[PDB]
Each structure stands twice: as structure tokens, then as C-alpha cells.
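Undergrad: So that we are looking at the same thing, I have put the structure below in C-alpha cells.
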Amino acid sequence: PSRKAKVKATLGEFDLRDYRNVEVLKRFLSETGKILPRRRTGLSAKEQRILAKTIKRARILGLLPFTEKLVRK
Amino acid sequence: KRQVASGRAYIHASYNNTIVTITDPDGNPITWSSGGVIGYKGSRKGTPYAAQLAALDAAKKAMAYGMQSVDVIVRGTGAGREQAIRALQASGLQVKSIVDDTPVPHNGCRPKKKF
Amino acid sequence: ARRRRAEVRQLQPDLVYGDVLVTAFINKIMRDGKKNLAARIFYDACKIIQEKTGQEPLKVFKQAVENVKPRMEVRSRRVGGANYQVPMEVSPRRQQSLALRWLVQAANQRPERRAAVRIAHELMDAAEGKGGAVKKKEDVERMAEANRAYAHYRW
RNA sequence: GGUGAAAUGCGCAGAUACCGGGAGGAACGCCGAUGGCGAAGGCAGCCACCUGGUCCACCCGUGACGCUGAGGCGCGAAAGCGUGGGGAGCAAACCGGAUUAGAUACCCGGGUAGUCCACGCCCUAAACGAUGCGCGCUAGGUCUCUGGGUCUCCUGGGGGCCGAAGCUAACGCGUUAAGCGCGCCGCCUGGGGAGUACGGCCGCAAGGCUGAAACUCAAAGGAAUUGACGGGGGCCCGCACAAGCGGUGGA
Ligand SMILES: [Mg+2]
Ligand SMILES: [Mg+2]
Ligand SMILES: [Mg+2]
Ligand SMILES: [Mg+2]
Ligand SMILES: [Mg+2]
Ligand SMILES: [Mg+2]
Ligand SMILES: [Mg+2]
Ligand SMILES: [Mg+2]
Ligand SMILES: [Mg+2]
Ligand SMILES: [Mg+2]
Ligand SMILES: [Mg+2]
Ligand SMILES: [Mg+2]
Ligand SMILES: [Mg+2]
Ligand SMILES: [Mg+2]
Ligand SMILES: [Mg+2]
Ligand SMILES: [Mg+2]
Ligand SMILES: [Mg+2]
Ligand SMILES: [Mg+2]
């Protein structure tokens, strides 16, 4: 069911526009650098259109990765 | 020639072939092999039993240089992709970590007609 | 079939010894129903075998079967553009036929002049490891392996 | 490497695979959604700047100033031309290999135009909701984006699906009307000939716009129904095939 836990509840509050909040914005990527599908995140219609141009910001400034490779795990 | 403890396994699985070049912690070609070197001539080469075979004859040239440990890397989705991966755990070689890193554009080149 | 699998024919256990395998062999000798022949064909092969390698002729049979019973076979098939000969494992009963089938088929391909004779020899010769019996067994475990190149199209 | 299978092709002047560095062009993965915006063609990597439209709120302002528009003016994907740059990858024409009876194709290995930037042309399209443009009226239900409020819910603007009334040839439309009425626009008037000819008009050109007739046929059409049929699928059965025995074809 993909019914693990969306990342909206696994945190206190925060701002979606503070690019270098990388503790949080690591849990909005995958085991690739891919911005988590809206179903995983559980973000609003506004919210993940914001968190979109955020991790596109906090990428150019190196902080958050463009892609990874893969752990067979 | 020389001796090497830890070395890393590169696997390139196409459709018309599957290729294993094994190296050292830098990425330097110790021994390499694909199905077409095993004896396979045409469409023969892509079979999952060819991938099992390259990841033998390549991992055999590599114990010839005394190979102990391997980490694996794989490039593609192809016939018997993981059949070689297994063909290495089954050759007598510690499989460290196993990684996939497929060439993935972010949309640059228009592919050929045949998409 | 196309409504269910058959139950398989429940034979009369052997009249003399008692093995249900002994039965199916006698029938599997038999041609044109002439069953009182193939019973003698059988029970003269037990006079020869009990007296040429003096043990229990019955035990050799059991063994002369285990030794021709194949374990893998080429259950052929097709994709959509060409068709592949394909490795496949084998049923319990499928053995027991091809066993006896081949045991006979060799005995007729044997050169001797006599009936229960070419059974007697191709019964020792089966339970050795030579003779045409076992040759074919090890021949479709050989085309099980020298054709293992497509054991992903197996069903 | 490539295919249904293969050869042209590239490699013992060292290819592929493999690590590190470098240049250059083209696009922008995940977020990307049945989602947004725009008049339309059309537009998504990230930043700033110069701007257009638009919705919500308070109802504060002038006070009918409003609608539509023949012609004129401007915008208009793709290919196409013109001068000059650029050319990674793709790739008409073209060069080969394979398939086939033949293959000027489907499949494979190269290849110029061209796609890319500019600046001027070209000004067509299944340019498509195939529904020109405003306003007023007529059950609602859920979904979805976006505004405002005494945010259990109320109320604006959007995009979707199902349905009242009613329309409709039927399909289907269905408060995003193809429902009920007002204004204005352009357009149709039987199929072929024909988007041709004649003439004017536009462009460098390729061509476009406007746009007939003579003659010939009783049709050309639209939805919809029962079948038949498919190298369309879904589900069953016959010794239909397979698993087994024995023959013909030969004498
Ligand atoms: Mg590089
Ligand atoms: Mg459009
Ligand atoms: Mg007022
Ligand atoms: Mg006043
Ligand atoms: Mg107007
Ligand atoms: Mg163009
Ligand atoms: Mg030029
Ligand atoms: Mg070509
Ligand atoms: Mg040009
Ligand atoms: Mg231009
Ligand atoms: Mg144009
Ligand atoms: Mg036209
Ligand atoms: Mg229109
Ligand atoms: Mg609405
Ligand atoms: Mg009705
Ligand atoms: Mg409806
Ligand atoms: Mg007429
Ligand atoms: Mg048959």
C-alpha cells in the first residue's frame, strides 16, 4: 500500500524555503537524489510546488545531491 | 603479473551482450571479459547463460592475479543482468557491496528513431 | 486432457512376485495384447538372471530401472518468432515409463537370437551402467546440459 | 555493435568495457499530477531583471463610459527560403547491408539539408472543444487547483467526471450547454471534377489567398442495429495439439 509514513508527520514544523536546512531536506530525497513523489511526502498542492524549487536551489549550492548510485540493501 | 587483494567488479549488461571488466579500488582494468569472448558469436551472446559465463572467465583471470574481495557495480538493465551478479557470489569471491549506476540523462540527447 | 488430469491406470500387482512395476513391464513387453507370451518372456529372464549372476533377479530389475530413469528432459517450446529446445525437470511416474520403455526398446535393438535373452542381458547391462538403456538416459541429461543455454524459457 | 536471425561498420596504428582530466552542442531527469497559465499557435532545470493577463477582499471613486466587429493592423507550431554564425545527438535526400518473388520500404551501419542563435521573410495545419464573442436564466452530486470569511462549514474563480429539467437524428450535451432567450460576426446550400482552371493579390522562391464552370453519377454523407470478420483481446470444449500405441505414403 506504500503505507509506511509520509515525511510531513515525521518532523516538527519548518520552512519550505530555507534551502540549507539539509537535516530535513535529506528526508525529502530517496535512495536517489530524486525529489520524493508527492505520495511519499504528503505535501499540499502548493507545498510540493515550493519544495520543488527548494531542492532545485539547495542542489546548485552543493548541499543536496543531484543523484546517487544504489545500495542493494 | 602483480597481486591485488581488494578489487572492484564492473558489469555492463546490454541486450546483444553482457560485459564484466574487473579492476582495483581506483578503477583500473585488471581483467575484462564479455560473452563474445567466451565463444558466443551472434545473438547467442546476450543469454543469461552468457552473463553467468563472462562473470566466470573474467573472475577466473582475476584469481590468476590472486583476487580476494570484490565490490560490484552494474551498468544497465539487460539479459541476465543479475545472473552475473550471482555468477560472482558463485565463483569464490567475497561480494562486498553491490551498486547500480545506470547512464540516466536529465534529457539531453534525442534518442534514435528506435526509441 | 482439458477437463482435468487423468488418474493413472491402477494395474494388477504381479501374480508371482508382486511388484506393480513388474506388471507394467510385462505389458510394456507385450505386443498386440499377446500377454501370455510376455509373461513367459519375463519369467525366463528371471531364470537366466538368477542363474547367470546368482542373486535375486527381482532386485536387479528395481536397480535396472533406477539407472535408466532420467531426471531432466527437453520439454520443447516457442516464443513468437522461433522455438527453443528447453530444459525441464521430470515427474515421478514419467520416469517409470521411459525406464521400462527404453529397457525394452534396447532389448529389441539387441543382437541376440532369443526373446527373454535380450531382456536378461539388457537387465544386467542396464543395472551395470552400459548397454543402450542407460546410454540414452545419460543422453537426455546431456541434452539437458549441452542445451542449458535457455533455462529461462523453462516451464 | 546490431537483428526476428545476420552482414555491411568499428578494433592488434589497440576498439568495447574501465578510471582522471578537457572541449563543445543540445535539450532539462525525479518534483510532474485526471495539476497551472495564456487569445491562439504555445510554455516547465536554477537566478535576477523588464513586463502582460488574472482572481480574491473592503465596496471607496467617476456614472452607461457598455457588446460585436466587414475591411485595415498585429501575433501564428512544424517544415521552407535568405545573409551570417553554430553543428553534440537526431535525421528527408543520399551510400551500403539484410529481408522478400521483387523492397526505391518496415529492420540494421554511416550520411548533407535541417532542427540550435540571430536578424528579416514564409503566414499554412486534424491551428481541434473539429463547439466565434459578450450578458441574463435553469436540480444537484462528487472530485481537483486557487483566492476571502464568524474557516464542523459558508461563499468567489478555474479545471474534470456523473447526473434534473430540457435539447438532440442518434452519439452524446448537460450551470465549462449541444438547455431557455437578446445583440453582432463570419460561414453553409448535393458527390465527383477541385482546393484545379481563369483573373486579380501577396512572396525572392517554394507557394499562398480569393475561388468557378463545362461534363459525368443517383448519390456523397451522419450517427445507430443484427450479424459476419481480425495476422483484437477475455472465458470454456472435441483424440483439435501435446503425452502413448499402430499404420499409410515405398513394396
Ligand atoms: Mg569523462
Ligand atoms: Mg494545444
Ligand atoms: Mg461606492
Ligand atoms: Mg455621485
Ligand atoms: Mg472586439
Ligand atoms: Mg521553423
Ligand atoms: Mg548557415
Ligand atoms: Mg538509417
Ligand atoms: Mg536556415
Ligand atoms: Mg527566426
Ligand atoms: Mg510561421
Ligand atoms: Mg490550404
Ligand atoms: Mg475557435
Ligand atoms: Mg466549478
Ligand atoms: Mg433526460
Ligand atoms: Mg455528463
Ligand atoms: Mg455540382
Ligand atoms: Mg500425436
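Ligands are numbered from 1 in the order shown, chains are lettered A, B, ... in the order of the C-alpha cells, and residues start at 1 in each chain.
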Taking only C-alpha atoms (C1' of nucleotides) into account, find every residue of chain C that has an atom no more than 9 Å from chain D, and write it out as a CSV table (one decimal) with N, CA, C and O atoms, in the first residue's frame.
TA:
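Written out: selection-v1.csv:
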```
chain,number,residue,atom,x,y,z
C,2,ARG,N,-8.2,-31.8,-20.7
C,2,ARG,CA,-8.7,-30.5,-20.9
C,2,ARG,C,-9.9,-30.3,-20.0
C,2,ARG,O,-10.7,-29.4,-20.2
C,3,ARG,N,-10.1,-31.2,-19.1
C,3,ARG,CA,-11.2,-31.2,-18.1
C,3,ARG,C,-10.6,-31.5,-16.8
C,3,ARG,O,-11.2,-31.1,-15.7
C,81,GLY,N,8.7,-16.0,-32.5
C,81,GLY,CA,9.4,-15.9,-33.8
C,81,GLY,C,10.3,-17.0,-34.2
C,81,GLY,O,10.7,-17.2,-35.3
C,82,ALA,N,10.7,-17.8,-33.2
C,82,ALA,CA,11.4,-19.1,-33.4
C,82,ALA,C,11.2,-19.9,-32.1
C,82,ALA,O,10.9,-19.3,-31.0
```
Undergrad: Return as a PyMOL selection string the residues of protein, DNA or RNA that approach ligand 14 to within 12 Å, with only C-alpha atoms (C1' of nucleotides) and all ligand atoms taken into account.
TA: chain D and resi 142-146+156-161+175-176
Undergrad: Include C-alpha atoms (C1' of nucleotides) and write out the residues we just selected as a PDB file, in the first residue's frame.
TA:
```pdb
ATOM      1  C1'   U D 142     -18.584  14.211  -6.013  1.00  0.00           C
ATOM      2  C1'   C D 143     -13.523  15.241  -7.344  1.00  0.00           C
ATOM      3  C1'   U D 144      -9.485  18.637  -8.117  1.00  0.00           C
ATOM      4  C1'   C D 145      -6.323  23.891  -8.323  1.00  0.00           C
ATOM      5  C1'   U D 146      -6.731  28.822  -6.475  1.00  0.00           C
ATOM      6  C1'   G D 156     -15.936  33.724  -5.107  1.00  0.00           C
ATOM      7  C1'   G D 157     -12.742  31.916  -9.937  1.00  0.00           C
ATOM      8  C1'   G D 158     -10.873  27.519 -12.531  1.00  0.00           C
ATOM      9  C1'   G D 159     -10.203  22.753 -14.482  1.00  0.00           C
ATOM     10  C1'   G D 160     -12.540  17.401 -14.792  1.00  0.00           C
ATOM     11  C1'   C D 161     -16.200  13.202 -14.207  1.00  0.00           C
ATOM     12  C1'   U D 175     -24.659  25.983 -14.595  1.00  0.00           C
ATOM     13  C1'   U D 176     -17.280  24.918 -18.627  1.00  0.00           C
TER      14        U D 176
END
```
Undergrad: Please return as number ranges by chain the residues found within 12 Å of ligand 4, counting only C-alpha atoms (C1' of nucleotides) and all ligand atoms.
TA: D: 61-63
Undergrad: May I ask for the distance between atom CA of residue B:27 and atom CA of residue B:80, given in Å to one decimal place?
TA: 23.3 Å
Undergrad: Which residues are near ligand 5 in this structure, taking near to mean any atom at most 12 Å from a ligand atom and counting only C-alpha atoms (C1' of nucleotides) and all ligand atoms? Format them as a PyMOL selection string.
TA: chain D and resi 39+67-69+132-134+184-185
Undergrad: Counting only C-alpha atoms (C1' of nucleotides) and all ligand atoms, what are the residues, protein, DNA or RNA alike, that approach ligand 12 to within 12 Å? I want them as a list in words.
TA: residues 123, 124, 125, 127, 195, 207, 208, 209 and 210 of chain D
Undergrad: Now that the selection is made, can you save its residues with N, CA and C atoms (P, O5', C5', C4', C3', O3' and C1' of nucleotides) as a PDB file, in the first residue's frame?
TA:
```pdb
ATOM      1  P     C D 123       2.805  33.387 -47.547  1.00  0.00           P
ATOM      2  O5'   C D 123       2.414  33.028 -46.050  1.00  0.00           O
ATOM      3  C5'   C D 123       1.888  31.753 -45.705  1.00  0.00           C
ATOM      4  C4'   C D 123       1.124  31.816 -44.412  1.00  0.00           C
ATOM      5  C3'   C D 123       0.014  32.883 -44.370  1.00  0.00           C
ATOM      6  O3'   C D 123      -1.035  32.447 -43.477  1.00  0.00           O
ATOM      7  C1'   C D 123       1.528  33.300 -42.662  1.00  0.00           C
ATOM      8  P     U D 124      -2.434  31.828 -44.025  1.00  0.00           P
ATOM      9  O5'   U D 124      -1.954  30.477 -44.726  1.00  0.00           O
ATOM     10  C5'   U D 124      -2.857  29.410 -44.950  1.00  0.00           C
ATOM     11  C4'   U D 124      -2.148  28.083 -44.964  1.00  0.00           C
ATOM     12  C3'   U D 124      -2.696  27.033 -44.006  1.00  0.00           C
ATOM     13  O3'   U D 124      -3.836  26.347 -44.518  1.00  0.00           O
ATOM     14  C1'   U D 124      -0.336  27.149 -43.789  1.00  0.00           C
ATOM     15  P     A D 125      -5.210  26.274 -43.670  1.00  0.00           P
ATOM     16  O5'   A D 125      -4.965  25.010 -42.719  1.00  0.00           O
ATOM     17  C5'   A D 125      -4.190  23.910 -43.184  1.00  0.00           C
ATOM     18  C4'   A D 125      -3.858  22.907 -42.095  1.00  0.00           C
ATOM     19  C3'   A D 125      -4.730  22.926 -40.845  1.00  0.00           C
ATOM     20  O3'   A D 125      -5.945  22.206 -41.017  1.00  0.00           O
ATOM     21  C1'   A D 125      -2.423  22.780 -40.243  1.00  0.00           C
ATOM     22  P     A D 127      -4.784  20.378 -35.837  1.00  0.00           P
ATOM     23  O5'   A D 127      -5.080  21.930 -36.131  1.00  0.00           O
ATOM     24  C5'   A D 127      -6.018  22.681 -35.363  1.00  0.00           C
ATOM     25  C4'   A D 127      -5.439  24.016 -34.978  1.00  0.00           C
ATOM     26  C3'   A D 127      -6.379  25.208 -34.981  1.00  0.00           C
ATOM     27  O3'   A D 127      -7.222  25.257 -33.841  1.00  0.00           O
ATOM     28  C1'   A D 127      -4.261  25.807 -35.898  1.00  0.00           C
ATOM     29  P     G D 195      -8.715  18.239 -54.535  1.00  0.00           P
ATOM     30  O5'   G D 195      -8.401  19.276 -53.370  1.00  0.00           O
ATOM     31  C5'   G D 195      -7.366  20.247 -53.503  1.00  0.00           C
ATOM     32  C4'   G D 195      -7.831  21.473 -54.250  1.00  0.00           C
ATOM     33  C3'   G D 195      -6.857  22.661 -54.230  1.00  0.00           C
ATOM     34  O3'   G D 195      -6.903  23.333 -55.499  1.00  0.00           O
ATOM     35  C1'   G D 195      -8.948  23.341 -53.415  1.00  0.00           C
ATOM     36  P     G D 207       5.490  24.546 -55.491  1.00  0.00           P
ATOM     37  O5'   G D 207       4.805  25.700 -54.635  1.00  0.00           O
ATOM     38  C5'   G D 207       3.744  25.412 -53.744  1.00  0.00           C
ATOM     39  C4'   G D 207       3.518  26.546 -52.792  1.00  0.00           C
ATOM     40  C3'   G D 207       2.092  27.053 -52.677  1.00  0.00           C
ATOM     41  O3'   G D 207       1.265  26.228 -51.878  1.00  0.00           O
ATOM     42  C1'   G D 207       3.604  28.868 -52.778  1.00  0.00           C
ATOM     43  P     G D 208      -0.314  26.184 -52.148  1.00  0.00           P
ATOM     44  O5'   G D 208      -0.832  27.488 -51.392  1.00  0.00           O
ATOM     45  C5'   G D 208      -0.666  27.622 -49.987  1.00  0.00           C
ATOM     46  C4'   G D 208      -0.741  29.063 -49.553  1.00  0.00           C
ATOM     47  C3'   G D 208      -2.111  29.703 -49.643  1.00  0.00           C
ATOM     48  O3'   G D 208      -2.899  29.432 -48.505  1.00  0.00           O
ATOM     49  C1'   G D 208      -0.463  31.153 -50.575  1.00  0.00           C
ATOM     50  P     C D 209      -4.421  28.971 -48.673  1.00  0.00           P
ATOM     51  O5'   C D 209      -5.156  30.342 -48.978  1.00  0.00           O
ATOM     52  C5'   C D 209      -5.167  31.364 -48.004  1.00  0.00           C
ATOM     53  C4'   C D 209      -5.472  32.708 -48.603  1.00  0.00           C
ATOM     54  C3'   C D 209      -6.855  32.879 -49.181  1.00  0.00           C
ATOM     55  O3'   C D 209      -7.839  33.057 -48.177  1.00  0.00           O
ATOM     56  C1'   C D 209      -5.224  33.936 -50.559  1.00  0.00           C
ATOM     57  P     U D 210      -9.226  32.253 -48.246  1.00  0.00           P
ATOM     58  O5'   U D 210      -9.923  32.886 -49.536  1.00  0.00           O
ATOM     59  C5'   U D 210     -10.403  34.222 -49.497  1.00  0.00           C
ATOM     60  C4'   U D 210     -10.647  34.807 -50.874  1.00  0.00           C
ATOM     61  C3'   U D 210     -11.632  34.088 -51.779  1.00  0.00           C
ATOM     62  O3'   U D 210     -12.981  34.299 -51.405  1.00  0.00           O
ATOM     63  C1'   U D 210      -9.767  34.849 -53.027  1.00  0.00           C
TER      64        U D 210
END
```
Undergrad: What does the distance from atom CA of residue C:102 to atom CA of residue C:87 come to in Å, to one decimal?
TA: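 Atom CA of residue C:87 lies at a distance of 20.2 Å from atom CA of residue C:102.
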Undergrad: Just list the residues in chain A DSSP gives helix (DSSP H, G or I) on the backbone, as a ChimeraX atom specification.
TA: /A:38-41,47-54,57-60
Undergrad: Kindly work out which residues sit at most 12 Å from ligand 17, using only C-alpha atoms (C1' of nucleotides) and all ligand atoms, and give the list as a list in words.
TA: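 Counting only what the definition allows, namely only C-alpha atoms (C1' of nucleotides) and all ligand atoms, the set is residues 189, 190, 191, 192, 193, 194, 212, 213, 214, 215, 216, 217, 219 and 220 of chain D.
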Undergrad: Hey, which residues come within 10 Å of ligand 7 if we count only C-alpha atoms (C1' of nucleotides) and all ligand atoms? Could you give them as JSON, numbers by chain?
TA: {"D": [83, 84, 85, 86]}
Undergrad: Neighbouring residues of residue B:41 were defined as those with any atom within 12 Å, considering only C-alpha atoms (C1' of nucleotides); residues of the same chain fewer than 6 positions away were excluded. Please report them as number ranges by chain.
TA: B: 16-17, 34-35, 47, 50; D: 6
Undergrad: Go ahead and dump the residues you just picked, N, CA and C atoms (P, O5', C5', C4', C3', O3' and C1' of nucleotides), as a PDB file, in the first residue's frame.
TA:
```pdb
ATOM      1  N   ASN B  16      22.484  -7.413 -26.582  1.00  0.00           N
ATOM      2  CA  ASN B  16      23.272  -8.231 -27.504  1.00  0.00           C
ATOM      3  C   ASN B  16      24.534  -8.777 -26.852  1.00  0.00           C
ATOM      4  N   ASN B  17      24.732  -8.416 -25.581  1.00  0.00           N
ATOM      5  CA  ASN B  17      25.897  -8.836 -24.795  1.00  0.00           C
ATOM      6  C   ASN B  17      25.811  -8.433 -23.319  1.00  0.00           C
ATOM      7  N   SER B  34      33.573 -10.459 -21.769  1.00  0.00           N
ATOM      8  CA  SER B  34      32.162 -10.457 -22.114  1.00  0.00           C
ATOM      9  C   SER B  34      31.834 -11.805 -22.739  1.00  0.00           C
ATOM     10  N   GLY B  35      30.575 -11.987 -23.105  1.00  0.00           N
ATOM     11  CA  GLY B  35      30.131 -13.259 -23.637  1.00  0.00           C
ATOM     12  C   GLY B  35      30.765 -13.599 -24.967  1.00  0.00           C
ATOM     13  N   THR B  47      22.416 -14.085 -23.896  1.00  0.00           N
ATOM     14  CA  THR B  47      21.753 -15.012 -22.996  1.00  0.00           C
ATOM     15  C   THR B  47      22.245 -14.828 -21.576  1.00  0.00           C
ATOM     16  N   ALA B  50      25.253 -16.550 -20.807  1.00  0.00           N
ATOM     17  CA  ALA B  50      26.487 -15.923 -21.256  1.00  0.00           C
ATOM     18  C   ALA B  50      26.991 -14.947 -20.184  1.00  0.00           C
TER      19      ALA B  50
ATOM     20  P     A D   6      22.609 -14.492 -35.268  1.00  0.00           P
ATOM     21  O5'   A D   6      22.846 -13.737 -36.650  1.00  0.00           O
ATOM     22  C5'   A D   6      23.986 -14.011 -37.448  1.00  0.00           C
ATOM     23  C4'   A D   6      23.791 -13.513 -38.856  1.00  0.00           C
ATOM     24  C3'   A D   6      24.766 -12.443 -39.328  1.00  0.00           C
ATOM     25  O3'   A D   6      26.012 -12.972 -39.755  1.00  0.00           O
ATOM     26  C1'   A D   6      22.554 -11.811 -39.892  1.00  0.00           C
TER      27        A D   6
END
```
Undergrad: Using only C-alpha atoms (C1' of nucleotides) and all ligand atoms, determine which residues fall within 10 Å of ligand 2, then list them as a PDB file with N, CA and C atoms (P, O5', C5', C4', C3', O3' and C1' of nucleotides), in the first residue's frame.
TA:
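To be explicit, this is the file written out as pocket16.pdb:
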```
ATOM      1  P     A D  40      -6.074  30.335 -25.069  1.00  0.00           P
ATOM      2  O5'   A D  40      -5.476  30.102 -26.542  1.00  0.00           O
ATOM      3  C5'   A D  40      -6.251  29.468 -27.553  1.00  0.00           C
ATOM      4  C4'   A D  40      -5.760  29.779 -28.958  1.00  0.00           C
ATOM      5  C3'   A D  40      -4.432  29.170 -29.362  1.00  0.00           C
ATOM      6  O3'   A D  40      -4.516  27.800 -29.676  1.00  0.00           O
ATOM      7  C1'   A D  40      -4.491  31.424 -30.052  1.00  0.00           C
ATOM      8  P     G D  41      -3.694  26.746 -28.795  1.00  0.00           P
ATOM      9  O5'   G D  41      -2.238  26.862 -29.422  1.00  0.00           O
ATOM     10  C5'   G D  41      -1.813  25.958 -30.426  1.00  0.00           C
ATOM     11  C4'   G D  41      -1.188  26.663 -31.610  1.00  0.00           C
ATOM     12  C3'   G D  41       0.334  26.650 -31.667  1.00  0.00           C
ATOM     13  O3'   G D  41       0.873  25.435 -32.168  1.00  0.00           O
ATOM     14  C1'   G D  41      -0.428  28.846 -32.051  1.00  0.00           C
ATOM     15  P     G D  42       1.394  24.293 -31.153  1.00  0.00           P
ATOM     16  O5'   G D  42       2.100  25.132 -29.991  1.00  0.00           O
ATOM     17  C5'   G D  42       3.307  25.851 -30.206  1.00  0.00           C
ATOM     18  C4'   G D  42       3.467  26.965 -29.199  1.00  0.00           C
ATOM     19  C3'   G D  42       4.201  26.614 -27.915  1.00  0.00           C
ATOM     20  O3'   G D  42       5.614  26.561 -28.066  1.00  0.00           O
ATOM     21  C1'   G D  42       2.248  27.799 -27.372  1.00  0.00           C
ATOM     22  P     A D  77       5.024  30.199 -35.632  1.00  0.00           P
ATOM     23  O5'   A D  77       5.395  28.757 -35.042  1.00  0.00           O
ATOM     24  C5'   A D  77       5.273  28.480 -33.647  1.00  0.00           C
ATOM     25  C4'   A D  77       5.132  26.994 -33.367  1.00  0.00           C
ATOM     26  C3'   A D  77       5.931  26.049 -34.266  1.00  0.00           C
ATOM     27  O3'   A D  77       7.312  25.934 -33.894  1.00  0.00           O
ATOM     28  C1'   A D  77       3.687  25.245 -34.047  1.00  0.00           C
ATOM     29  P     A D 127      -4.784  20.378 -35.837  1.00  0.00           P
ATOM     30  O5'   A D 127      -5.080  21.930 -36.131  1.00  0.00           O
ATOM     31  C5'   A D 127      -6.018  22.681 -35.363  1.00  0.00           C
ATOM     32  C4'   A D 127      -5.439  24.016 -34.978  1.00  0.00           C
ATOM     33  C3'   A D 127      -6.379  25.208 -34.981  1.00  0.00           C
ATOM     34  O3'   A D 127      -7.222  25.257 -33.841  1.00  0.00           O
ATOM     35  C1'   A D 127      -4.261  25.807 -35.898  1.00  0.00           C
ATOM     36  P     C D 128      -8.788  25.646 -33.974  1.00  0.00           P
ATOM     37  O5'   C D 128      -9.434  24.732 -32.850  1.00  0.00           O
ATOM     38  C5'   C D 128      -8.604  24.155 -31.848  1.00  0.00           C
ATOM     39  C4'   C D 128      -9.074  22.791 -31.430  1.00  0.00           C
ATOM     40  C3'   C D 128      -7.965  21.816 -31.037  1.00  0.00           C
ATOM     41  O3'   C D 128      -8.398  21.039 -29.923  1.00  0.00           O
ATOM     42  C1'   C D 128      -9.309  20.851 -32.709  1.00  0.00           C
TER      43        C D 128
END
```
